[PDB]
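Observations on the three-dimensional arrangement
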Amino acid sequence: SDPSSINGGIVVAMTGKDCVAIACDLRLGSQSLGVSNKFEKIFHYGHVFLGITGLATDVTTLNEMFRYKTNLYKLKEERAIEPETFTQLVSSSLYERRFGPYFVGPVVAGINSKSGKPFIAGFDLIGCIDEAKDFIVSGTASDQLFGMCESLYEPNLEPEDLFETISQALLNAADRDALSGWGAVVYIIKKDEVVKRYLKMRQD
Amino acid sequence: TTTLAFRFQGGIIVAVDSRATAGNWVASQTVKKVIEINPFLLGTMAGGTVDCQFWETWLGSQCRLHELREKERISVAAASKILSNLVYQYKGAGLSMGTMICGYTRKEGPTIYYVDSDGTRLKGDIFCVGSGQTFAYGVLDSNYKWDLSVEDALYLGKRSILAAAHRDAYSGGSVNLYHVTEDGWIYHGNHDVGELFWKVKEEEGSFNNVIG
Amino acid sequence: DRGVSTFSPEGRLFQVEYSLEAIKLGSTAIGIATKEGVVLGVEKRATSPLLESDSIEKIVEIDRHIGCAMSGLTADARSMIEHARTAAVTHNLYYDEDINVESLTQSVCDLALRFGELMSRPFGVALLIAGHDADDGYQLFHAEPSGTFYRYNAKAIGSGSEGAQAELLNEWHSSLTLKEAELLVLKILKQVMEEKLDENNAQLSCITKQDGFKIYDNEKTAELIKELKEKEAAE
Amino acid sequence: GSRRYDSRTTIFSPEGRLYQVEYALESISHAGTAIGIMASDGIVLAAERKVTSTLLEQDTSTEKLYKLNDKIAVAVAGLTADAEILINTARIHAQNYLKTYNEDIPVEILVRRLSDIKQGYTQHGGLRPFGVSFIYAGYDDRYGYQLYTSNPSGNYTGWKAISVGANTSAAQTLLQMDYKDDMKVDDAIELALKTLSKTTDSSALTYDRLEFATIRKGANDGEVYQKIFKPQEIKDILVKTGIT
Amino acid sequence: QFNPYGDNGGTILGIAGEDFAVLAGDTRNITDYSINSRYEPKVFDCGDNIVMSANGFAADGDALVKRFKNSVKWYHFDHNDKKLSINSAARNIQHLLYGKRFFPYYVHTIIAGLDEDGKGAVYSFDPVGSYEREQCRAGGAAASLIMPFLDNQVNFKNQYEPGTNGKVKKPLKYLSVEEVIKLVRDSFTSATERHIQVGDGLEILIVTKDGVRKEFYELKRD
Amino acid sequence: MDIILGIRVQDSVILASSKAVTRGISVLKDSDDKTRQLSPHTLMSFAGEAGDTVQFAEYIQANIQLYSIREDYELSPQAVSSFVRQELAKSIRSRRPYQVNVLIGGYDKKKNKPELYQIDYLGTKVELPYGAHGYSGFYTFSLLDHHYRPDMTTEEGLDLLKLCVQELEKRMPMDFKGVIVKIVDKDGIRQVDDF
Amino acid sequence: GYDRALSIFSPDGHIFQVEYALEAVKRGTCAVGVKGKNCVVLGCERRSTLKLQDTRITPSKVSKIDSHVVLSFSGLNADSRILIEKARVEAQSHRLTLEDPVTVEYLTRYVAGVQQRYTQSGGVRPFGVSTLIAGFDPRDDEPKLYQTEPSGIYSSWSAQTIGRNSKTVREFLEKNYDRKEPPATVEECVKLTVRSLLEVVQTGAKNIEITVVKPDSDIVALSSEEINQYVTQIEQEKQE
Amino acid sequence: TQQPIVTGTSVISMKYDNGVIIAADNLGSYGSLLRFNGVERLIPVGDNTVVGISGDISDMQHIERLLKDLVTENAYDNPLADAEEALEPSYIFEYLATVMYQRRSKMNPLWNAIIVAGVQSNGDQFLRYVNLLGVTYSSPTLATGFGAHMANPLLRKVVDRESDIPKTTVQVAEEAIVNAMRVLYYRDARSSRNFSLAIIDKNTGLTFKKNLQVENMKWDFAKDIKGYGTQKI
Amino acid sequence: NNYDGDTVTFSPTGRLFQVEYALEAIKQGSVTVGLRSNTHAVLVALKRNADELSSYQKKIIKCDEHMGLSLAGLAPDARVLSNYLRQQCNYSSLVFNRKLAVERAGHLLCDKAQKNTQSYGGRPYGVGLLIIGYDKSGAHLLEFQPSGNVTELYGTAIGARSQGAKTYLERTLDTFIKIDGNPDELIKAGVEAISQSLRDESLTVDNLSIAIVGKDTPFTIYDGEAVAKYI
Ligand SMILES: *[B]([O])([O])[C]([C][C]([C])[C])[N]C(=O)[C]([C]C1=[C][C]=[C][C]=[C]1)[N]C(=O)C1=[C]N=[C][C]=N1
Ligand SMILES: [Mg+2]
């Protein structure tokens, strides 16, 4: 009945020293029934990464919508959109559906190509921007993720250390949520290289 | 209501009852539940009264316009789909319909389409629709064959409505029979259930449970 | 330039008067009304011998009790026929009866003056509407793009109209049979047509109370042409 | 009333020609020449900027060559402002197709859509047509490398090599002479520049008076790269081919 | 919350004879347990030898009769003063009712007259436009009290011929206008006794080839 | 309607769909084909609310057939599935949404690969080796999880499908009157007339 | 909106905009239609003023409206696309509602109705296009060939031509086509169609397109070499 | 759909030999609060019609403005506005009845019950009722709200049927109306002592009486009533 | 000349030529006469045929039980205007239970025709109308011109040769106004009036059209053998 917890799923993002990390589970369900273990929730438009939790049809629809908009942006501007600018575009796009909203929990992550500054941001289903220095959480196990991140996190972690922290935050949060799990992916993002790692986790 | 229609060697048999009810009150025992769309096409009536009358008469206007425009008899498939597409537009609004569109053309042969106010459109050989449909199905399924004579097929339809008229409280009054061939339908009379029951009981040896 | 709905100094609508000129260029159509039925006949006028003449449809059914023949820009007639058929069927739906021939004609004529700056111009086609009803019996109407309609005992429209009308003036009487009317249409069509009249370049039709509106077969018309030739040679 | 002042842009002449379309084509014939040449391993787009100035900022300037998506580009001949209206429509159409089918729009489908828009302005609405002719250079996995053109009438046709704008008659003759089917991109680059160099109304062909672009499978492995040439890169290819 | 419907009570009765037709109705109008009027005409002459009554919610009843009367007027204008036949009037009324299928005229409509062969005709409608020609029909409040009596005394249902014991039915002999009026009066007298919304007065409209005649009779006023 | 299954093997896609149509109390038909051919190498099965199912399926069919004629080209299964998803994703926020779930089985002639797409009435699309809608997956997925291997033959796929149908016929309360099975491969679409 | 009446009558009873649309058809490349006993052939002229053309991708002159009906045209190319699109949409709409593909006569009647509508609608000009529509009705083996024109009139033809120099090829067809015995085979029908175009075309190289339509959705376009063999055989018989 | 806020109670009326009488109290109630004590609920239209209104007062004031506008409109391009082509009671009623039914059909009713009393051109008495549902009826006596339950029984004893109308004088009719108003004051908890009365006669025209009061009331017997049963003191 | 292209254009002398050209269409139409007494009002109309095979075009139209008109000019424009009157008469009856006054019916026709003379795109009506009726102020006769001008009269005539009938009525004014309670004599006077406009042709059984409305007489049209009595 509650649109935001029909399909299930989670996303988490973190900042480190000259790097950012964004991670998600791979589950798609119909309430109790597990349907797919390959439903990735992180997308990227140029160097800007976007994770989206919530109702799966809207996750897909919004990805297609932002691909659409960032492609037109690039043709007109003659440059790739930056994380700060994209964050504003997500907020604008969600709020235009104020009274008929997409049931989603987006998360932006990336490094500004000019300043080199790491950036993350979160949103509610209707556009409000949460721009945290440390971390952002989203999805059906957001409470769990808040608890993990708040204890595990420390500032200025090196890329390979940050990987371990965000991975352990996701995995242990997902294992305390019935509608999350069935696999996981972690993106480590530096100024001009991005590594993608699939994690081994329990499949129940 | 009990309405049926079935395909066989000799074409299509259509048989309906005559009763209309408002709650437990019997409003009418003389209802024409078969609509003569044209000399070749019949429609049955079940559910709410007006809806099936109004829109199947309307269907006859659309069929007449088709054959005026196309200089050719409308197919049963096309005629049934005009009605189903129309009611699908009204889906949710509260129409109440269960009908069989029956006809016989060169390209199709004898054809029956079950059309429904939820939008359902099904082609088939045997259909029973209404509050007494289950009673009529019993008699049909056990006695139906393809190689039935027009005489025997007519009786089976008459007998199946009687079965439902007896048991179903919201079915009864009288039975209207129709036989559909390629050259058109043929009316086979109004049969009062009050007289038909005692006649069938005596001649057939059935309804031994009832005293007469 | 000038308005489409403009009046001339004589008190006529320019566009309506010009559409009447287009009708004069059209192929001939004739109608004769009797107490036994109304007959409708047309000149097909194929532009080339390779054109399959049976595809030329200048006589058209509106309902079982009403038929129609056309002359002029025949493409313009399609929407008029569609409206006529719809009006006939719609009335039957609302009133469970056949529609009066006059009432049908009036409905068609209401379209005529719906043009301005609605459609951009008047119709460039005239219609002969023939039918039967219980109140006024066998009838023949002439529907113009002006919105006016006259009832006729007999009428000819198209390029050979004034010559044919003068012939209909002498030949028509109130005791004509259906057979006599059929031959009379054939006779007058043959008189005004450029090419020689046969079953392939001319078409007959009628409307009777019993059988309704019927377009004649080429075989049936061919016999009536042969019957005509013999009776003219008889004196 | 208002009828008095109406030019009636969408009417036939007694000869069966569309006045405004014909006059729009006359306008385009004075625009800078644009050339497209299709090869087996890519496509070339070359175009001449119209009588420029030394004070024009060339490196940030764009009047001829425009990007529709990653696979398709266009060369413009006519009113630049009119072309940008259509270009933005085409960019949107490509994105609509991508959103719907999750596949890049085939080149012809995009061309047909733009050409149909142009057609509409010649049949209804009473507005003037777009004074623009396009050369479409694009790639898809069905037909591979493709060249098309469209004009204000809304009619479009496919080409191996084609020119639009000024001196097309002279240009088309030179292309018809030296073009061969087994030609390569590097050869096509040379042909395009040589053709412009002979048809140009200017005294000499220089880097500051040109816009240049290539669509190559010369991208690392099975994929396509668009290259809009920079001023310095046009200067280098002019020296390489031996024009300056 | 606002309720757009109400119930004005009343009862109507149509009977078709061999060469005549009657449409009767009580003259009482009510809401709840109060009398609004002891004489409020309910059956109307609509022209073209057609009589009509729309029983139930009086506001919808008046609106419908008004619109049908209007339809008769425009039928004359549009079709050269042609007489609107009873079967055509019936079909027209179906479309008036179905036009408001999803916000219905809360009435039970009955019309009466002569068919095109001169025989008596009665048509009956439900609120949403379903209709059917009938020999006999009561409508409204006391319809359930009257119809069974008419099945027995007009169509001779469950009646057989003495001596045969159920074998031979009572033959369906035709009823005169005097005989029908007797059955109408007894139907309303009986309905008045057992139904609180029936009483005050009875107004009958009789239709023949000669035209439309009226008769009025007193009913109990309690 | 009720049960619709799909499985993708080495060189084909197999769709199985029940034959029963029930209007409340009675089973009106026991031979109903809950599928439409969208293109020569693309088949769509469907299940949902009465009327809406066929109306939607035929509407999609008409649109794909229109595309085929216009371009003289068959769309890829991936492209067709995306078109269908968008129509349902549009539908879910309409005045009256299409209450229809679909499986799209197609053979991509360009990549020479079979492809199975599962889409629900919300517009939720997933590519799968095997899929189902409604309660069908609750019974069958445990068997498919055990037995499916991605290099199966079409004959092995049909046997695994029989095992699924047998479990459904044992543990489901409703009598769905068997299934119509159809195979989609490089040669097109064909029906298995004995199952 | 723009409502100006562009198509109007003149004092002599002519609608000049419709007549000037026919002049645009006269300018268009020649198109020809011939129906045999069990087939219909559509021939089309390609003007050789345009070389360096890419024939793979260039819009072909014959268009499929459905799997069983084709449409060729003479006149404005851009205008023809609008009629073809509407016709294709209507063909699918007919299948959807009537559950049967369009007859050739019905499809023709629709296209002709569109053309007519543009002759008495405000703010629009007529289509500068005449069409030849050919094919076979569903489950029918009788060949069909119809013609339409800007005014909106349509009719059936045993054989017909439209476009530039259509007066000449119609002259050829009127003496060479026998109704009592039409081209019995595909070969005979194609041969007669190529012959008729050779009266007007110039070179028999890439200037002639041929499309053969047979019953039961059997439509195929002949290649250059296949047509070139007809061109060769015709002239070798002519040298006598 | 709304709820009535400020409301007016019963309107009562009857026919007599030469015309009609109508009456209504001057109170505007706000629930149980007797808020406004000077509200005129009889509204004359010309010299031949009086419209009596009960129910929602804001809707009454709207109807009052519609009638005022109706008189203005009838006078436009009408030389016989004060003679043959003056507004009749039957015209005024039919207009209101049309509006009431239209408004209920849009689910936004004028929350009122209305009685139009008057005399026609030919001298005939006119008296007809209409309410928020568009329901209409006529009778020798008519009354709204509580008047329907209490006034009608008293007024029907004077004029029980049509044949009793010529036998009823204006003195007898007014007496009955005034008595009914007293009874309503005894028994209606949303009524007031002050009321207005209007007579429309075919001979003497329109007589409009304001600031009438209920008089000759019986209350003295109250002094003897003690407790609710057993109490003696 | 330069100022007759459309209805939105005054001439230098302040004339509206399109309106005047519409007025010309009436003069080409067949003659029709109107006259009244204090009890009745009569319309007499000469119908026109196309030829001997054709019917005679109807000239009189009923608007209500108490009102109707006769036409001269474009017949379709009379159908549009008579349809409008039918609706207005009907709106008055349904809403106000009131028969529409003849004077007010003229005011409505005037205002409808006026809008067509001041706006671009449209055209004036090409027909003249003679409205008769009986309302609460007795019998009435109106004359409508498509310029918008409506006039109440005792008697009048419009169409071709209408001046002859108009002069006769101007002489007979004192006589026919007094014909009260005698319908046949009032019609006789109307038939004698329209006869002053005839040339070559005379009044035959299918040529003549008469209508009457009065105190206890609904608007009724007489054609065919019903008018042989008055020939
Ligand atoms: B039949 O019983 O379905 C019958 C068919 C109808 C066309 C005459 N329906 C009714 O009699 C219905 C009641 C009903 C009974 C059982 C199933 C469904 C419906 N009658 C009405 O809807 C009705 C409504 N108003 C007045 C009288 N009857
Ligand atoms: Mg009682």
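Residues numbered from 1 in each chain as written, not as in the entry; some residues may be left out. Chains lettered and ligands numbered in written order. Part of a larger assembly, values for the part shown. Heavy atoms only, no water. Residues with missing side-chain atoms left out of burial classes, pairs and counts.

X-ray crystallography is the method the PDB entry lists for this structure, together with a resolution of 2.90 Å.

Here we look at the overall build of chain I
Along the backbone of chain I there are five helices and 10 strands. On C-alpha atoms alone, chain I measures out to a radius of gyration of 18 Å, which is about the 17 Å that the 2.2 N^0.38 rule sets for 231 residues. Considered along the principal axes of its C-alpha atoms, chain I spans approximately 50 × 50 × 35 Å. Contacts in chain I between residues far apart in sequence, at least 24 positions, make up 63% of those at least 6 positions apart. For chain I, the accessible area works out to roughly 10,000 Å², and carbon and sulfur atoms hold 46% of it. Here chain I contributes 25 positive and 26 negative side-chain charges, whose respective centroids are spaced 4 Å apart. (Helix = DSSP H or I, 4+ residues; strand = E, 2+ residues; numbered from the N terminus. Rg over C-alpha atoms; globule rule 2.2 N^0.38 Å. Contact = heavy atoms within 4.5 Å. Areas by Shrake-Rupley, 256 points an atom, 1.4 Å probe, with all protein chains shown as cover. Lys, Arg positive; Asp, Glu negative; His and termini not counted. Charge placed at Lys NZ, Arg CZ, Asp CG, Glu CD.)

Observations regarding the site of ligand 1
Residues and elements named next belong to chain B. Taken together, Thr1, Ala20, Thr21, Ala22, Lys33, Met45, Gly47, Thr49 and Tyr170 form the complete shell of residues around ligand 1. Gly47 is positioned such that a nitrogen or oxygen atom in its backbone is 2.9 Å from a nitrogen atom of ligand 1. In isolation ligand 1 exposes 590 Å². Once the protein is present, 71% of that is buried. The element best represented in the shell around ligand 1 is strand 3 (residues 20-22), accounting for three residues. (Near = heavy atom within 4 Å. Polar contact = N/O pair within 3.5 Å; in protein donor to acceptor, adjacent residues only side chain to side chain.)

Some thoughts on the pairing of strand 9 (residues 208-214) of chain G
Residues and elements named next belong to chain G. Burial analysis of strand 9 places five of its seven residues in the buried class, the great majority of the element. Relative to strand 10 (residues 218-221), strand 9 runs antiparallel, the two being bridged by four bridges. When the sheet's bridge partners are listed, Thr211 is paired in strand 10 with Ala221. In this structure, the hairpin formed by strand 9 and strand 10 is closed by a connection of three residues, where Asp216 is found at a positive phi of approximately 60°. (Buried < 20%, exposed > 50% of the residue type's maximum accessible area, 1.4 Å probe, protein only. Pairing = 2+ DSSP bridges.)

A look at the interface of chain G and chain D
Every contact between the two is made by 31 residues of chain G and, on the other side, 40 residues of chain D. Buried surface at the junction of chain G and chain D, summed over both partners, amounts to about 3,000 Å²; 56% is from carbon and sulfur atoms. Linking chain G with chain D are two salt bridges. A salt bridge links G:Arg4 to D:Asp6, with the shortest nitrogen-to-oxygen separation between them at 3.2 Å. Where chain G touches chain D, the interface holds 15 residue pairs in polar contact. (Buried area = accessible area lost by both parts, 1.4 Å probe. Salt bridge = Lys/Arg side-chain N within 4 Å of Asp/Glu carboxyl O.)

Observations concerning the interface of chain F and chain D
Residue-level contacts link 13 residues of chain F with 10 residues of chain D. For the pair chain F and chain D, the summed buried surface comes to about 1,100 Å²; carbon and sulfur atoms form 43% of the total. Of all residues in chain F, F:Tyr67, F:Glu71 and F:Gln86 bury the most surface against chain D, accounting for 40% of the area lost on that side. Remark: the boundary between chain F and chain D carries one salt bridge. The closest approach of N and O atoms between D:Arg112 and F:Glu71, which form a salt bridge, is 3.0 Å. At the junction of chain F and chain D, the tally comes to eight residue pairs in polar contact. Within the residue set of the side of chain F that touches chain D, elements represented by two or more residues are helix 1 (52-71) and helix 2 (77-91) of chain F. Of the residues forming the side of chain F that touches chain D, the biggest block, five residues, is contributed by helix 2 of chain F. Here the residues of the side of chain F that touches chain D are counted per class, giving five nonpolar, four polar and four charged. (Nonpolar A, V, L, I, M, F, W, Y, C, P; charged D, E, K, R; others polar.)

Examining the sheet that holds strand 9 (residues 121-124) of chain B
Residues and elements named next belong to chain B. If you trace the five strands from one edge of the open sheet to the other, you get 5-6-7-8-9, paired in antiparallel fashion. At either margin of the open sheet sits one strand with a lone partner, and together these are strand 5 (34-36) and strand 9. Neighbour to neighbour, the strand axes of the sheet diverge by 25° on average, direction disregarded. Bridge count between strand 7 (residues 98-105) and strand 8 (residues 109-116): eight bridges; the pairing is antiparallel. Within strand 8, the position partnered with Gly98 by the bridge is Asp116. The strands touched by helix 1 (residues 49-70) are strand 5, strand 6 (42-44) and strand 7; relative to strand 7, the strand with the most contacts, the crossing angle is about 25°. (Axes fitted to C-alpha atoms, helices over the stretch in contact; angles between N-to-C directions.)

Considerations on unusual backbone geometry
Residue and element names in this part refer to chain C. Phi angles above zero are rare outside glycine, and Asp96 is one such case at about 50°. Here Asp96 shows up in the loop between helix 2 (77-95) and helix 3 (101-112). Classification of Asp96 by relative accessible area gives partly exposed; the value is 31%.

Focus on the packing of helix 4 (residues 168-178) of chain D against helix 5 (residues 185-199) of chain D
Residues and elements named next belong to chain D. One can describe the packing of helix 4 onto helix 5 by two numbers: an axis separation of 10 Å at closest approach and a directional angle of 145°. You can see that helix 4 and helix 5 cross each other, and the crossing is right-handed. Facing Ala170, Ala171, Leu174, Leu175 and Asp178 of helix 4, the residues of helix 5 in contact are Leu191, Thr195, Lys198 and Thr199. Per-class residue counts for the contact of helix 4 with helix 5 are five nonpolar, two polar and two charged. (Left-handed = near helix turned anticlockwise from the far one by under 90°.)

Some remarks on the sheet that holds strand 1 (residues 29-33) of chain C
Residue and element names in this part refer to chain C. Pairing in this open sheet of five strands is antiparallel, and the strands run 8-1-2-9-10 from one edge to the other. Each of the sheet's edge strands pairs with one partner strand only, and the pair in question is strand 8 (154-157) and strand 10 (212-215). Averaged over all adjacent pairs, the angle separating strand axes in this sheet is 10°, with direction ignored. Strands in contact with helix 4 (residues 161-171) are strand 1 and strand 8; relative to strand 8, the strand with the most contacts, it is inclined by about 165°. Across the sheet, helix 5 (residues 178-192) lies against strand 1, strand 2 (38-43) and strand 9 (202-208), angled at about 20° from strand 2, the strand it touches most.

Let's talk about the pattern of salt bridges
What the rule picks out here adds up to 101 salt bridges over all chains. Among the ionic pairs, B:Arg121 bridges to G:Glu99, the shortest N-O distance being 2.9 Å. Here B:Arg121 is found in strand 9, whereas its partner G:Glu99 is found in the loop between helix 2 (77-98) and helix 3 (104-117) on a different chain. Taking the relative accessible area as the measure of exposure, B:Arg121 reaches 17% and is therefore buried. Accessibility expressed as a relative area gives 32% for G:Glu99, which makes it partly exposed. Here C:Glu97 and E:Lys82 are joined by a salt bridge, their closest N and O atoms 3.8 Å apart. Placement of the pair is C:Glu97 in the loop between helix 2 and helix 3 and E:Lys82 in the loop between helix 1 (58-78) and helix 2 (86-98), with the two residues belonging to separate chains. On the basis of relative accessibility, which here comes to 11%, the residue C:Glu97 falls in the buried class. Overlapping salt bridges bring together B:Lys81, B:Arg121, F:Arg36, F:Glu58 and G:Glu99 as one network.

Observations concerning the pairing of strand 10 (residues 126-129) of chain B
Residues and elements named next belong to chain B. Taking every second residue as pointing to the same face, both faces of strand 10 are buried, with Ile126 and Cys128 on one and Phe127 and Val129 on the other. Here four bridges tie strand 1 (residues 3-8) to strand 10, and the two strands are oriented antiparallel to one another. Among the inter-strand pairings, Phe6 is bridged to a residue of strand 10, identified as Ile126.

Focus: the side chain of D:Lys64
Within the secondary structure, D:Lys64 sits in the loop between strand 2 (42-48) and strand 3 (65-67). For the buried D:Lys64, no salt bridge exists, and the shortest N-O distance to an oppositely charged side chain is 5.4 Å, to D:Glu63.

Looking at the nonpolar core
Grouped together as the largest cluster of nonpolar side chains are 51 residues, with contacts concentrated most on A:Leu62, A:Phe66, A:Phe86, A:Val108, F:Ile7 and F:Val181. Contacts of A:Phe66, omitting those with residues within four sequence positions, involve A:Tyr45, A:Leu50, A:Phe86, A:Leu89, A:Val90 and A:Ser93. (Core = buried A, V, L, I, M, F, W, Y, C linked by side-chain atoms within 4.5 Å.)

A few points about the packing of helix 2 of chain G against helix 3 of chain G
Residue and element names in this part refer to chain G. Between helix 2 and helix 3, the least distance of the axes is 10 Å, while the angle of their chain directions is 135°. Judged by the inter-axis angle, helix 2 sits oblique to helix 3. Crossing hand, helix 2 versus helix 3: right-handed. Contact residues: helix 2 offers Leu83, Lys86, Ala87, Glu90 and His94, while helix 3 offers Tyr106, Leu107, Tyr110, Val111, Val114 and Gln115. Among the residues forming the contact of helix 2 with helix 3, the class breakdown is seven nonpolar, two polar and two charged. (Parallel < 35°, antiparallel > 145°, perpendicular 65-115°, else oblique.)

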